[PDB]
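Structure first, commentary second.
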Amino acid sequence: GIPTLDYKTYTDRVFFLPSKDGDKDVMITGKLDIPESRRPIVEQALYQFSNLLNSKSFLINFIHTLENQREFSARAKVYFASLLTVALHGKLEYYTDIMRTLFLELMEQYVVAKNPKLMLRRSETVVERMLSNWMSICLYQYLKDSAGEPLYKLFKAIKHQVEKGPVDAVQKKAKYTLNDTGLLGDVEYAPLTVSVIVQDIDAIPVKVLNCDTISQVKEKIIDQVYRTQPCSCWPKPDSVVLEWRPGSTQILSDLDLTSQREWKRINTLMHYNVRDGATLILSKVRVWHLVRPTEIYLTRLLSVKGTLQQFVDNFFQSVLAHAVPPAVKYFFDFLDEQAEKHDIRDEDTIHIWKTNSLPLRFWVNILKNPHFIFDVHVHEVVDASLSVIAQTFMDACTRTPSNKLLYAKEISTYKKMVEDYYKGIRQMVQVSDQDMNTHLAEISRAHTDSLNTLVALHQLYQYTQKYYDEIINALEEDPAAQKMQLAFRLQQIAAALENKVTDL
Amino acid sequence: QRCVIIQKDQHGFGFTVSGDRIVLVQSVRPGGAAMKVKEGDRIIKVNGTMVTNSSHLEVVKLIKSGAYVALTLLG
């Protein structure tokens, strides 16, 4: 029933969609371009690059060396970590091992720093994004079970209240939203119902608005015509035609000779004299819309809040109450033991730690980006409202504005849920290292082969390529890495995988 | 870091240069004049001029702009 994305699609969207070279960069594309006269050797060396990444000393020196360099954007941190997640999917126990190491080191560097309650709040390191990906991985099957339900319901609800009212195409401001900044200030309209005919031939009724742009109207139709079909296969409103046949003839285009200018106005349904019950035809073949560049705001925000309150609530009651996932239990108890070993007395430091670890690092990301798990494409208008809910959700975990005004008693109510949630996890039966390693093992066995391993490996290789000297030297400094001669191995691997070649 | 000298043969020098910023060695002909140099050697000096900041074209030019080449690798 609930349109949950495949594992690979889910992971790719979660990891690489907000990365450096865009939404279709290298890895979602698998855009590895090498000559086939080099593929044997290239692969042969990439495997040894894998075995190299499986050496602990090499991986740790690699990571430290990279963290050292100033020229290393936040993008670089996140992306790199995600690559490391994909390339080490094979032995996730080893991954978890690395994460344990870097997390211990980060913890100990934070305790005797300035503020240990600031830990996992900067996202300025690799192991934080690693942990993020770890939570994402282990909770896939939890999302596909109970989590996805009220979340999909929430999304679709918000989307409904949004499309129920007018939305401006230019500024992306809607009459119905939770965002005060993305709220539309008062144009008359009407909930129109039009008849659309699809030729591939079938007739389908569609609910729209007369003030909607032609593009928007097309979106609203396509949304109904291709429901059964995944979003990737849907056509854009710029590769589909919309006609109106009154008697025996006019084509509908956002901007045309009939556009009203004075500045150009995007054409709407009430512009083409198109009233309710009309019949349209869908064949697969500056500028202002509504606004020419308070208590009403409070009222609209509150009514919208009242409508979505049920779904927000259901979501939180499933999220913050139930059988808590094993990785959550394991990691929170790990935070417990490592907080006992690191002498941090304050309980709110551990509450802040667990907060930074699970709800912020995982739940908020999904709440703001539903299209990472569901076969949906979301516009800025809905994502903004979901972001308001995400702010609201985060304030329910902080032991300390429109998101502050909107949900008042809510946050207080949910704080009890959060504290009792953490307590429930603490008073929960211990998941040993073995059980956890097993649960990781089933994931590793189930999903590595569908993952884009070679591209990951190659990207990471490019990271070693950029900082070759600092890394080789980092390996020559460390006695274990010069014992294993990891520098020589890295040198050979680099030797094989090169681009520009000349025979002398 | 080692210093080696090789003369041309009836089948050329006997090795293959790869890389751009970090120019190094890929394969050596198993019967050339280098095999009888190791596989995987970074060239840091060529023909007097250090190739630390040299381009691929520059290293190739340096090695090729002369009868015999004498270079300093890093193994």
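Top to bottom, those sequences are chains A and B.
Going by PDB author numbering, the letters in the first sequence line up with residues 1275 to 1459, 1461 to 1475, 1478 to 1526, 1528 to 1540, 1543 to 1565, 1591 to 1598, 1622 to 1649, 1652 to 1730, 1739 to 1842, in that order.
Going by PDB author numbering, the letters in the second sequence line up with residues 45 to 80, 83 to 121, in that order.
No residue lacks a Cβ here, since even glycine has one placed at the ideal position from N, Cα and C.
Using Cβ-Cβ distances below 7 Å, what residues of the region 1793-1821 of chain A are close to chain B? For the region 1793-1821 of chain A, which is checked against every Cβ of chain B, the residues closer than 7 Å are 1806.
Below 6 Å CB to CB, which residues in the same chain sit around residue 1352 of chain A once its five sequence neighbours on both sides are set aside? Result list for residue 1352 of chain A: 1403, in chain order.
Chain A partners of residue 70 of chain B, CB-CB under 8 Å? What residue 70 of chain B touches in chain A: 1833, 1834, 1836, 1839.
Could you check what DSSP says for residue 1689 of chain A in three-state terms: helix, strand or coil? Looking at residue 1689 of chain A - three-state DSSP - the assignment turns out to be helix.
Can you give me, in chain order, the residues of the region 90-104 of chain B that have a beta carbon less than 7 Å from any beta carbon in chain A? Taken in chain order, the members of the region 90-104 of chain B whose beta-carbon sits within less than 7 Å of a beta-carbon on chain A are 102.
Taking 8 Å as the threshold (beta carbon to beta carbon), is residue 1549 of chain A in contact with chain B? At a cut-off of 8 Å between C-beta atoms, residue 1549 of chain A does not count as an interface residue with respect to chain B.
So, with DSSP's three-state summary, where would you put residue 1394 of chain A? In this structure, residue 1394 of chain A counts as coil in the three-state DSSP scheme.
Enclosing beta strand (DSSP E) for residue 1841 of chain A [first to last residue]: Residue 1841 of chain A -> beta strand (DSSP E) spans 1839-1841.
For chain A, find out if any of its Cβ atoms is closer than 8 Å to the Cβ of residue 88 of chain B; answer yes or no. Yes, residue 88 of chain B counts as interfacial toward chain A.
Output, in chain order, the set of chain B residues within a Cβ distance shorter than 9 Å of residue 1842 of chain A. Per Cβ cutoff of 9 Å: 56, 57, 58, 59, 60, 61, 106, 109, 110, 115.
Around the C-beta of residue 1339 of chain A, are 16 or more other C-beta atoms found within 10 angstroms, so that it is buried, or is it exposed? So residue 1339 of chain A counts as buried.
Less than 8 Å between the beta carbons of residue 1363 of chain A and residue 1789 of chain A, yes or no? For residue 1363 of chain A and residue 1789 of chain A, yes; Cβs fall inside 8 Å.
So which of B:94, B:112, B:78, B:65 has the shortest CA-CA distance to residue 58 of chain B? The residue with the shortest Cα to Cα distance from residue 58 of chain B is B:78.
Since residue 1518 of chain A is in the beta strand (DSSP E), which residue starts that stretch and which ends it? For residue 1518 of chain A, the uninterrupted beta strand (DSSP E) run begins and ends at 1518-1521, by DSSP.
Check whether the Cβ of residue 1343 of chain A lies closer than 8 Å to any Cβ atom in chain B. For residue 1343 of chain A, the answer is no, since every Cβ of chain B falls outside 8 Å of its Cβ.
Report the residue from A:1354, A:1371, A:1811 whose alpha carbon sits nearest the alpha carbon of residue 121 of chain B. Minimum Cα distance to residue 121 of chain B is reached at A:1811.
What are the boundary residues of the beta strand (DSSP E) that residue 1563 of chain A is part of? In this chain, the beta strand (DSSP E) harbouring residue 1563 of chain A covers 1559-1563.
Answer yes if the region 1308-1323 of chain A comes into contact with the region 1825-1839 of chain A, meaning at least three C-beta pairs across the two stretches below 8 Å, and no otherwise. Contact between the region 1825-1839 of chain A and the region 1308-1323 of chain A is present, because at least three Cβ pairs lie under 8 Å.
Alpha carbon of residue 1283 of chain A to alpha carbon of residue 1361 of chain A, nearest angstrom: Going by C-alpha positions, residue 1283 of chain A is about 16 Å away from residue 1361 of chain A.
Cross-chain neighbours of residue 64 of chain B in chain A, by beta carbon under 9 Å: Within 9 Å Cβ-Cβ: 1836, 1837, 1838.
How many angstroms separate the CA atom of residue 1820 of chain A from the CA atom of residue 1335 of chain A? In a straight line, the C-alpha of residue 1820 of chain A is about 12 Å away from that of residue 1335 of chain A.
Endpoints, the alpha helix (DSSP H) within which residue 1479 of chain A is located: Premise fails: residue 1479 of chain A lies in the beta strand (DSSP E), 1479-1486, not in any alpha helix (DSSP H).
Backbone secondary structure at residue 1334 of chain A - three-state DSSP: Correct three-state label for residue 1334 of chain A: helix.
What residues of chain B sit near residue 1830 of chain A, judged by a beta carbon separation below 8 Å? Per Cβ cutoff of 8 Å: 85, 86.
Reduced DSSP category for residue 1647 of chain A - H, G, I as helix; E, B as strand; rest coil: Residue 1647 of chain A sits in a helix when the DSSP states are folded into three classes.
Using DSSP with H/G/I as helix, E/B as strand and the rest coil, what is residue 1346 of chain A? In the three-state scheme derived from DSSP, where H, G and I count as helix and E and B as strand, residue 1346 of chain A is classed as coil.
Need the endpoints of the alpha helix (DSSP H) that residue 1661 of chain A sits in, please. According to the DSSP assignment, residue 1661 of chain A belongs to the alpha helix (DSSP H) that extends over 1656-1671.
Apply the 10 Å Cβ neighbour rule to residue 1275 of chain A and answer buried if 16 or more other Cβ atoms are within range, or exposed otherwise. Exposed, since its Cβ has fewer than 16 Cβ neighbours within 10 Å.
Residue 1704 of chain A in three-state terms, based on DSSP: Three-state DSSP puts residue 1704 of chain A in a strand.
Do residue 1331 of chain A and residue 1822 of chain A have their C-beta atoms within less than 8 Å of each other? A Cβ-Cβ contact shorter than 8 Å links residue 1331 of chain A with residue 1822 of chain A.
For a quick check, are the C-beta atoms of residue 93 of chain B and residue 63 of chain B less than 8 Å apart? Taking 8 Å as the cut-off, the Cβ atoms of residue 93 of chain B and residue 63 of chain B do not count as close.
Ignoring anything shorter than 3 residues or poking outside the region 83-120 of chain B, list the beta strand (DSSP E) runs there in chain order. Whole beta strand (DSSP E) segments, 3+ residues: 88-92, 115-120.
Can you tell me which of the three DSSP states residue 1412 of chain A falls into? Residue 1412 of chain A carries a helical assignment under DSSP once its states are collapsed to helix, strand and coil.
In terms of residue numbering, what span does the beta strand (DSSP E) encompassing residue 1474 of chain A cover? 1466-1474 is the span of the beta strand (DSSP E), which, as asked, contains residue 1474 of chain A.
Within 8 Å, strictly: CB atoms of residue 1704 of chain A and residue 1277 of chain A: With a cutoff of 8 Å on beta-carbon distance, residue 1704 of chain A and residue 1277 of chain A are scored as near each other.
According to DSSP, simplified to helix, strand and coil, what is residue 59 of chain B? Three-state DSSP puts residue 59 of chain B in a strand.
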